[PDB]
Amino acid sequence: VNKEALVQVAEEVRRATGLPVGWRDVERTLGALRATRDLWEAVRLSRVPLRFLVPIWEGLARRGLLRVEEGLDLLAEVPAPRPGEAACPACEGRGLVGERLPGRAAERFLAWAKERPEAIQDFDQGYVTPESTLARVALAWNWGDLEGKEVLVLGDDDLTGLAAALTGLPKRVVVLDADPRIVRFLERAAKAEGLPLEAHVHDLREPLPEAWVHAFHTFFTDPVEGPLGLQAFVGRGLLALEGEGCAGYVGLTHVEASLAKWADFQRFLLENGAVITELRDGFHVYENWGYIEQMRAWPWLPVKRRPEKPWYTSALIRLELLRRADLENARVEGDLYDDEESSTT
């Protein structure tokens, strides 16, 4: 197997699906398979969308390069790099450790996370590990985006708002979520701990209310990944920021977003006056959600076994505004949970 084989597998998939699948996506697919035969692990190692993975694995099987039988087994020596093991074990490759946060935030957060609302399918929910929440908050601590600042959290299954509020740092934390279970849990924690934390039921398919426009120094979001998802979560965040000097924290996956779409996201940020100052790939590790068998991709999977360990991960982005973001504050139209590269909804 040689380099042109990778090119032809991609073009074939590009022809069937209309999606931006290139040869390096095929290389990555094969590279992961050098290290694992487990489907979920292959996904984690690959950094390719699950929507691309399925037809690539099938194209590869058609050519006799891959055996699909209770696992994904390579049949040939391949022209693809093996995954390297360079990640720092002490911080799981993050570079940041939440244990270091003040106000004993890390230990107090673990107590709350034990009673957290379970992830549900209606809102594309699936929460990150506690260490991932605490480290995302620690990035914001390190960049001076918590202390004395007004913090907005757009969707909060991860409980970032709680973690941010437990540090003692923020002036206040406001959390928006469509799910009353998350709002109520946050309001129970706020009252029990004495935290300057409020939470409100709001569906981000509808415009951001005027109280929250240009009213915050810092936002966090781990959003749905459409262009619709970027209108519903990130565009709203940008509009919520007062302006120059305000910062945003954004989750970004490979599983549901290609590099062509990472580039569309980055171009959206740069054209609306922001700049990226951190992009830590693989920063968030997700806890397995209960509804995996009900997602769109499940019937497509070549091997179907419930995962037993984490496999879904995302990058953490920090952006900062160089000027005020005057974006439209419009309704989302179209199905937020049906992006063409989505798979876990």
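In this text, residue numbers run from 1 along the sequence as written.
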Once you work out the mean C-alpha B-factor for both 13-21 and 317-325 from the entry, which is higher?
-> 13-21
For 209-217 versus 73-81, entry-based mean Cα B-factors point to 73-81
Tell me which of 147, 156, 256, 271 tops the list for C-alpha B factor in the record.
-> 271
When the entry's CA B-factors for 288, 294, 46, 277 are compared, the highest one belongs to 294
Within this chain, which third does the Cα B-factor at residue 301 fall in: lowest, middle or highest?
-> middle
Mind checking which third residue 222 falls in for C-alpha B-factor across the chain?
-> lowest
Binned into thirds over the chain's modelled residues, the C-alpha B-factor of residue 125 lands in the middle
In terms of its chain's C-alpha B-factors, the third that includes residue 34 is the middle
Using the B-factors in the PDB entry, rank residue 119's C-alpha atom against the chain and give the third, lowest, middle or highest.
-> middle
